[PDB]
Amino acid sequence: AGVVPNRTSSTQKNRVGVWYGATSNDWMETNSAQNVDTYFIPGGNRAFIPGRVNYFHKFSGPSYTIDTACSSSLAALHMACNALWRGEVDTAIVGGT
Amino acid sequence: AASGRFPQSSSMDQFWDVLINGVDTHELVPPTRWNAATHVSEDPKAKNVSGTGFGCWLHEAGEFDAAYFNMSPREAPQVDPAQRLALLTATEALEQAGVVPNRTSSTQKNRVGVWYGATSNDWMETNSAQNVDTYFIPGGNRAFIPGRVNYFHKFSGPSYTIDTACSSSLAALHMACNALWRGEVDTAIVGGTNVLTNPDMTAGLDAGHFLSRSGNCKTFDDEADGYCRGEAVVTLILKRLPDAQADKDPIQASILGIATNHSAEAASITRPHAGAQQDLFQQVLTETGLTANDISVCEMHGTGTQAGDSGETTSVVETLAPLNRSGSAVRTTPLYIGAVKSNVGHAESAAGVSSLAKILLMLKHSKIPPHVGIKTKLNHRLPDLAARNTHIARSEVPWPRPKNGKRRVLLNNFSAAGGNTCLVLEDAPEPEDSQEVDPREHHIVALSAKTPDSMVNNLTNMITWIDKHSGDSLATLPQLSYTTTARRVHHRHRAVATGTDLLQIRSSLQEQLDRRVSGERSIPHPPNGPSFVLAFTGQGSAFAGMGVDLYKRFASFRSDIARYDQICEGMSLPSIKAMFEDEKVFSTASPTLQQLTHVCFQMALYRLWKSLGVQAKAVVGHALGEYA
Amino acid sequence: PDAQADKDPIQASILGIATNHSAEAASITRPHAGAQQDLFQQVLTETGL
Amino acid sequence: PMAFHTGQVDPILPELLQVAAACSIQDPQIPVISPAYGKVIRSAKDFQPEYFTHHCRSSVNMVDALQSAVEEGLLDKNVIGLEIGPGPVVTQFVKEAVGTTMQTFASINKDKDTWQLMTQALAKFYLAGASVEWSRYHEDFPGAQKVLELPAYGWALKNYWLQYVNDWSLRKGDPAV
Amino acid sequence: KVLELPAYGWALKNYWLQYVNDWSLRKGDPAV
Amino acid sequence: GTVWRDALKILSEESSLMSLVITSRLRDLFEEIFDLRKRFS
Amino acid sequence: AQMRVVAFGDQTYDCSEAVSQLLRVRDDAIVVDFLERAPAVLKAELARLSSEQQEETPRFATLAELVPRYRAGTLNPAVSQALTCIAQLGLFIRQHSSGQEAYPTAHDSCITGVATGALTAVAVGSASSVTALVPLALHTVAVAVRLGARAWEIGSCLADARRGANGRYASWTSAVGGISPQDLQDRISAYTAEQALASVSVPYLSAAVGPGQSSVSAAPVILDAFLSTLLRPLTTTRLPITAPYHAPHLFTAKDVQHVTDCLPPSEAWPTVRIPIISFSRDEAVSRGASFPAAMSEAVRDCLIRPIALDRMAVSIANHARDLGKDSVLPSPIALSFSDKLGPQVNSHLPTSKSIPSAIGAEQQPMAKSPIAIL
Amino acid sequence: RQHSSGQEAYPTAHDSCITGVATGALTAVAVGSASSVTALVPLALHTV
Amino acid sequence: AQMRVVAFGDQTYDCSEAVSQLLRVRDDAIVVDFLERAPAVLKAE
């Protein structure tokens with residue numbers, strides 16, 4: 001999308017949100033659970049899926065994970081569309097995992 | 001309304017008891033969850049062993065009524081305690097709030113949405129995972145936490161689960177306010193759950209130096225090594241103020257604004273920093289339209305971390321307690337800052353709603369409870385609160401509400417996932433005029449259950465409760481009357497009691513209880529949809545002032561009678577409304593008036609009982625009664 | 001407005017979207033068609049076609 | 001004052017017939033026990049204008065209609081009777097028809113109060129298992145309906161739990177040894 | 001105008017924690 | 001009457017998900033107790 | 001020397017496409033703010049009602065889920081009334097904020113409406129801006145739902161739901177053609193005399209349309225029976241009017257007073273500055289009346305007086321002459337058979353381009369907008 | 001706010017005049033060029 | 001026959017309190033709409 005943070009008004013860092021649907025974290029239940037360590041909880045909780053994206057690109061807008069089960073992603077899309085609709089964010093990042 | 005289950009608390013009132021008595025509820029993990037001897041070590045070396053065992057535990061979290069929510073004994077265990085408790089609290093909140101299925105227009109099907117925050121599903125990872133079965137995903141998936149609340153109560157509105165980690169439920173509150181301000185819903189159900197059965201959650205948190213190996217959260221204490229585990233479940237009922245006042249529903253407080261940002265500028269992925277938090281606090285103050293002085297109390301997200309507490313405190317004081325350039329306080333009134341986490345631990349997902357719950361009781365009882373997070377000495381990193389007229393109440397302080405004024409509060413729920421969310425809250429609208437006694441003299445109390453054993457239990461518990469509250473006030477019986485009748489979700493087996501005062505209610509329920517205890521087997525009376533035949537009498541037995549109480553007390557009935565009267569007057573028939581308004585007319589009243597009064601009385605009365613869902617298998621009528 | 005202002009690429013455009021819950025279901029397992037149909041016309045209204 | 005269901009009402013029957021003829025008749029949704037015919041009517045064919053003249057003139061046969069009902073199984077001791085009207089005159093007739101142990105009560109009577117008869121009746125009724133929407137019955141008093149906070153409803157709870165056992169979480173990743 | 005160009009060339013390595021010894025089938029059972 | 005006796009237990013353990021399960025267990029009701037008992041004969 | 005007339009319609013116009021194309025509006029914030037807000041004042045007055053309304057009350061999540069049950073005929077008069085009113089206000093609020101169209105003024109324009117449109121008309125005539133129209137417009141939403149609601153009270157009282165309804169609500173009104181309103185009135189009177197029917201249950205002439213056109217309302221059982229007696233060359237066509245209206249025998253002044261009880265008493269209510277053409281009365285033109293009084297009067301038009309649509313055209317023209325205007329623009333909003341209005345009004349009597357704006361302004365705002373997937 | 005929420009009538013050439021100094025001049029142009037708050041808003045954004 | 005004059009000021013007047021009070025407007029959507037588009041078009045310029 002050619003997005004460069006703080007290049008234009010719509011791409012300013014504080015106007016950018018993230019929303020991602022996720023049905024489960026099997027990684028921390030099965031794989032990292034065999035040996036728990038310091039980055040177990042940073043690596044396994046669902047909230048870090050959108051969070052990590054905000055931290056890397058320095059987006060100070062909202063961060064959310066949605067679980068409606070098999071509709072999670074469109075539910076997240078709905079929340080994101082609502083944010084653009086109410087002016088809460090200029091740009092919205094929507095995904096599903 | 002708000003209902004919930006917190007540590008050492010089966011209700012909001014026992015959580016007031018936890019707070020006002022300065023109770024500190026942390027304790028070693030009970031054996032029901034996991035064994036501390038094997039899972040906890042002073043210095044962990046072996047894998048999946050943690051340095052701490054402590055948490056504040058809901059010891060009754062497993063308690064659930066399978067017969068109330070339509071569940072079998074094989075299905076109910078496999079349901080997560082977050083789901084079960086969410087159903088209980090949400091139900092209770094509907095009983096305390098203004099929502100019953102098929103009542104007013106605010107209670108319709110899709111107009112009622114549900115949002116719940118959840119940061120952990122341990123039940124499906126640990127307990128149901130030992131033997132998987134059909135009701136594994138039916139009982140473990142978080143989407144069903146709001147889902148089941150929609151299925152049972154037949155609320156067709158939206159259903160969402162939010163996971164912002166430790167900010168989850170307040171994030172869900174944000175979503176709820178956004179929908180109430182989109183028109184998607186009006187009744188909103190907001191809650192949060194955090195019931196955990198996995199030791200790995202603990203061990204991973206401790207591996208990340210999140211948890212405190214000494215004790216509970218110590219907010220503001222000079223030696224503070226982390227937060228501590230805590231468990232809670234909440235559900236609230238929310239409505240836009242115009243509709244809430246339209247129905248004269250109870251209102252404990254009003255949320256003015258809520259906002260969310262993220263701490264993007266952080267030097268790490270773990271600690272939220274102060275700049276984003278301050279920008280958020282001022283954002284909500286500007287948005288809602290209030291100065292520092294308007295907020296007299298701030299419920300902080302205190303995790304009992306030296307860095308977190310000092311950082312947040314600086315953002316709060318720099319917003320709500322700025323200092324003049326000369327060095328004098330800008331505040332004219334005092335700020336009292338506190339953290340609920342010092343008592344009931346760090347509920348993570350349910351932390352936000354727990355904090356809000358604290359406020360609702362602080363608002364109700366007009367008091368600020370003591371702060372127990374300071375064990376030894378105040379933290380040296382904190383800014384000088386006394387010069388800014390900020391205070392940590394060590395003992396309870398009078399918190400009276402100014403005359404013709406509303407004190408407002410700032411609440412904070414933040415997450416290690418770096419999202420930051422907070423709201424501004426306000427006292428509820430003053431009454432319309434003042435208190436008034438219910439002119440109804442005689443009242444009706446309704447009891448229900450799906451099982452005879454449960455029935456016996458509810459009878460006993462109701463009798464004991466009456467013995468507790470018998471003499472507090474006269475308004476107890478009208479409130480509990482209109483409440484038990486309208487505000488409840490009843491099932492098949494059901495008991496009734498009437499009287500002027502609570503004593504008569506007790507005598508009735510006691511009598512019925514004796515019938516249950518003695519001379520009643522363990523099987524129920526027939527559950528067929530218990531067939532009714534309705535018998536309609538002729539005008540022979542009619543008398544003066546017949547059904548005046550029904551005409552003065554019941555509006556649906558009054559509507560029907562008034563309508564029938566106008567229908568009569570337009571057809572060149574006598575006016576029957578007078579017979580119910582005034583009794584003296586019955587002496588001189590003509591056969592047509594007598595007869596029409598009788599038949600109108602019967603049609604209205606039939607419609608009244610049908611309004612109670614009385615399904616008539618058939619009807620019989622004697623002379624004139626058949627017309628009805 | 002922001003999209004066209006920044007000369008961003010646009011592959012398509014979402015008119016609208018909606019959500020309800022199947023409350024009238026027999027079971028927790030299977031969503032039923034009445035709610036779904038009401039939701040389809042719900043988005044056809046919200047979107048306007 | 002007059003004597004109904006006798007030769008006295010003979011002159012009013014033609015005009016009454018026209019009154020009945022101006023009406024709109026539909027099949028009953030539930031059976032009608034008819035004392036006029038001493039029979040259970042399920043069809044609109046029997047409610048024609050002649051019914052109302054016949055009713056006015058003919059005797060009220062409770063015994064024949066009730067006995068007709070019980071023989072069809074529509075009524076028995078398990079069924080609930082409810083008096084909609086002043087006084088329990090008709091319920092006693094149903095009671096005498098089906099059996100002495102049938103639960104039948106009334107609500108509005110001149111001797112006892114409304115609420116007394118109501119608790120004795122409604123108890124036994126809803127004890128039998130019936131459904132209600134109490135909202136429609138109480139949604140009343142636009143100015144006196146003030147609602148305040150009260151504690152929760154009494155719960156009858158049992159412990160449903162799957163015990164975590166054997167400490168298998170510490171052995172995650174290890175084989176069976 | 002924005003052209004569709006190749007995505008960033010990633011320097012990729014496999015980062016994985018193998019699930020081993022089928023311990024999920026023995027959930028609830030003792031060591032033995 | 002044997003199958004009349006067993007079917008009741010098959011009901012008690014379960015009681016449309018549950019319905020399909022009940023009839024599947026018969027082989028191995030939301031739409032189509034006495035109606036069941038008579039449907040056997 | 002041209003005068004635009006803003007004409008609103010009744011229940012007959014299908015507003016499904018209307019409401020549909022309204023929630024398409026992303027081009028102004030007051031449209032979406034008002035349309036989203038409409039359920040709030042609506043629900044604030046939806047709760048004070050009888051029990052039977054609480055029985056068959058349909059579900060609707062927003063103003064969207066009403067559409068399928070509207071087309072299916074399973075939507076009640078109270079909500080379908082409010083929905084038509086919302087659609088009319090939404091189209092106006094659109095056209096005059098989104099559409100960059102100036103607001104009506106007493107000099108160059110008048111307002112008219114039929115049944116629901118009368119309520120809508122009071123609101124537009126009482127404001128000096130769209131932004132000032134918004135609150136009055138919502139108060140009108142509440143009036144509309146209480147109007148349809150009370151109509152359904154009495155209508156349900158007259159006749160209950162039919163067995164073969166299956167949730168679909170029958171139409172109390174039908175359009176007749178090939179006969180003059182007076183001659184049809186005579187046929188109604190004759191049918192009344194020959195058949196045994198009550199005084200409230202009688203058929204009546206609900207509207208007078210044209211020299212050979214009119215509309216009659218009765219019960220689906222009764223109306224069917226009456227319409228069955230009218231034989232060709234006469235015409236009979238169904239219409240979606242789901243409650244009795246325009247019946248001075250069924251309703252009185254107390255019903256009007258009650259429908260408007262949702263308007264609190266105050267002295268700051270704006271008056272009707274734009275003249276409203278109330279053609280179904282003795283007084284063709286009414287201006288200056290207060291908003292509550294104007295509303296109660298419009299409610300009385302809906303509930304009590306018959307529609308005289310044969311007097312509408314000339315009524316507009318008379319006022320056009322009063323202000324010395326040669327011709328009129330029609331600007332219909334959700335009006336059934338609106339295309340033929342313009343010629344009809346101009347028969348009694350003897351060109352547009354968009355305005356561009358700043359780069360990014362002529363398009364929609366940055367609040368709400370059809371989100372692009374980049 | 002004064003002329004919509006405040007329900008204050010919009011200025012007219014007959015009964016009123018507008019003036020401004022520095023910034024006020026620009027804003028004055030905008031208020032002087034509209035008939036109504038609705039017609040003032042686009043000219044308002046232009047003026048910003 | 002009184003005539004109202006609408007007088008606007010310059011930078012010398014402190015508009016901090018003004019805008020602080022204008023972000024509080026809710027009753028009418030055009031004010032929050034104007035204050036929504038104003039900073040966006042502002043930063044766009």
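Here is what the cut-offs are and how they apply
Residues numbered from 1 in each chain as written, not as in the entry; some residues may be left out. Chains lettered and ligands numbered in written order. Part of a larger assembly, values for the part shown. Heavy atoms only, no water. Buried < 20%, exposed > 50% of the residue type's maximum accessible area, 1.4 Å probe, protein only. Helix = DSSP H or I, 4+ residues; strand = E, 2+ residues; numbered from the N terminus. Arc of directions from axis to C-beta. Contact = heavy atoms within 4.5 Å. Buried area = accessible area lost by both parts, 1.4 Å probe. Salt bridge = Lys/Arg side-chain N within 4 Å of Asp/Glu carboxyl O. Polar contact = N/O pair within 3.5 Å; in protein donor to acceptor, adjacent residues only side chain to side chain. Pairing = 2+ DSSP bridges. 1 Å grid on protein atoms, 1.4 Å probe; cavity = no way out; pocket = protein on both sides within 12 Å on 5 of 7 lines; lining within 4 Å. Points joined across faces, edges and corners; volume = space filled by probe spheres on them. Nonpolar A, V, L, I, M, F, W, Y, C, P; charged D, E, K, R; others polar. Core = buried A, V, L, I, M, F, W, Y, C linked by side-chain atoms within 4.5 Å. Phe/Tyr/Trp six-rings, centres within 6.5 Å; stacked < 30°, edge-to-face > 60°.

- Listed as the method for this PDB entry is cryo-EM; the listed resolution is 7.1 Å.

1. Overview of helix α3 (residues 48-57) of chain A
Part 1: Where α3(A) is concerned, the buried positions are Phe48(A), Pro50(A), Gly51(A), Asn54(A) and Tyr55(A). Along the long axis of α3(A), the arc covered by the buried residues comes to 160°, so they all point the same way.
Part 2: Tucked into the core, α3(A) has its buried residues touching β1 (16-21), α2 (40-44) and β2 (63-66) of chain A together with β10 (253-262) of chain B.
Part 3: Phi turns positive one or two residues past the end of α3(A), at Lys58(A), with a value near 60°.

2. Description of the arrangement of the chains
Part 1: By contact count, the leading pair among the 20 pairs of chains in contact is chains B and D.
Part 2: One finds no contact linking chain E with chain F; the least C-alpha distance across the pair is 24 Å.
Part 3: The closest approach of any C-alpha atom in chain C to one in chain H is 15 Å; the two make no contact.

3. So, the interface of chain D and chain B
Where the parts come together, the accessible area they lose is often given as the size of the interface.
Part 1: Facing the 88 residues of chain D at the interface are 126 residues of chain B.
Part 2: Carbon and sulfur atoms supply 61% of the area that chain D and chain B bury against each other, a total of about 10200 Å² over both sides.
Part 3: Between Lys172(D) and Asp200(B) there is a salt bridge, with its nearest N and O atoms 2.3 Å apart.
Part 4: At the surface where chain D touches chain B, the tally comes to 40 residue pairs in polar contact.
Part 5: Only β1 (32-34), α2 (49-57), α3 (62-71), β3 (80-84), α4 (90-98), α5 (114-127), α6 (134-138) and β5 (158-159) of chain D provide two or more residues apiece to the side of chain D that touches chain B.
Part 6: In terms of residue count, the dominant contributor to the side of chain D that touches chain B is α5(D) (nine residues).

4. Observations concerning the sheet that holds strand β3 (residues 54-56) of chain B
Pairing between the strands of a sheet is mediated by backbone hydrogen bonds and can be parallel or antiparallel.
All names here are of chain B.
Part 1: One open sheet holds the three strands; their spatial order is β2-β3-β8, and the pairing between them is mixed. Lying at the two open borders of the sheet, with one neighbouring strand each, are β2 (27-28) and β8 (229-230).
Part 2: Bridge count for β3 against β8 is two bridges, and the pairing is parallel. Across the sheet, the residue bridging to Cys56 is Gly230, located in β8.

5. Here we look at empty space enclosed by the protein
Part 1: Size it by volume and the largest cavity reaches roughly 340 Å³.
Part 2: If you trace the largest cavity, you find 25 residues lining it, with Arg182(B), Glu184(B), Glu46(C), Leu23(G) and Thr62(G) closest to the centre.
Part 3: Among the elements that line the lining of the largest cavity, the one with the most residues is helix α2 (residues 29-46) of chain G, at four residues.
Part 4: Among the residues forming the lining of the largest cavity, the class breakdown is 13 nonpolar, six polar and six charged.
Part 5: In this structure, the second largest cavity spans a volume of roughly 290 Å³.
Part 6: Surrounding the second largest cavity, 25 residues form its lining, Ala118(G), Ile276(G), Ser278(G), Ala298(G) and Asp301(G) being those nearest its centre.
Part 7: Every element with two or more residues in the lining of the second largest cavity is listed here: β2 (109-113), α6 (116-126), β7 (276-277) and α11 (291-303) of chain G.
Part 8: Per element, the largest residue contribution to the lining of the second largest cavity is five residues, and it comes from α11(G).
Part 9: Here the residues of the lining of the second largest cavity sort into 14 nonpolar, six polar and five charged.

6. Quick notes on the nonpolar core
Proteins that are soluble and globular tend to have nonpolar side chains buried together.
Part 1: One finds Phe34(G) and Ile93(G) to be the most contacted residues of the largest nonpolar core, which totals 88 residues.
Part 2: Broken down by element, this core gets its largest block of residues, 16 residues, from helix α7 (residues 130-158) of chain G.
Part 3: Leave out the neighbours within four places in its chain, and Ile93(G) touches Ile30(G), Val31(G), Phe34(G), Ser98(G), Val130(G) and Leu133(G).
Part 4: Core analysis: the second largest hydrophobic core is formed by 65 residues, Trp85(A), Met12(B), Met175(B) and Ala347(B) among them.

7. Re the environment of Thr57(G)
Part 1: With respect to the helices and strands, the residue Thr57(G) is situated in the loop between α3 (51-56) and α4 (66-71).
Part 2: Taking the C-alpha atoms as reference points, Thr57(G) and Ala121(G), 64 residues apart in sequence, are found 27 Å from one another.
Part 3: Not counting the four nearest positions on each side in its chain, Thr57(G) is found in contact with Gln108(B) and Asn76(G).

8. Quick word on the pattern of salt bridges
All names here are of chain B.
Part 1: Applying the stated criterion across every chain yields a total of 46 salt bridges over all chains.
Part 2: When the shortest N-O distance is used, the salt bridge between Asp186 and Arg240 registers 2.6 Å. You can see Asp186 sitting in the loop between α8 (168-180) and β7 (187-194) and its partner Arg240 sitting in the loop between β9 (232-238) and α10 (241-246), a full 54 residues away along the chain. This pair shows no difference in class: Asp186 is buried, exactly as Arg240 is.

9. Observations regarding the environment of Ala350(B)
All names here are of chain B.
Part 1: For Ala350, the position within the fold is in the loop between α13 (341-344) and α14 (351-365).
Part 2: Overall, the relative accessible area of 0% leaves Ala350 in the buried class.
Part 3: Along the sequence, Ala350 and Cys166 sit 184 residues apart, while their C-alpha atoms lie 7.7 Å from each other.
Part 4: Once residues lying within four places of it in the same chain are set aside, the contact partners of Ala350 are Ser169, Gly192, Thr193, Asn194 and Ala232.

10. Structural notes on the packing of aromatic side chains
Part 1: What the rule picks out here adds up to 31 aromatic pairs over all chains.
Part 2: Relative to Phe125(D), the ring of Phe532(B) lies with its centre 5.8 Å away and its plane at 85°, an arrangement referred to as edge-to-face. Placement of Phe532(B) in strand β20 (residues 532-536) and of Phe125(D) in helix α5 is noted, with the two residues assigned to different chains.
Part 3: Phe125(D) gets classed as buried once you look at its relative accessible area, which sits at 2%.

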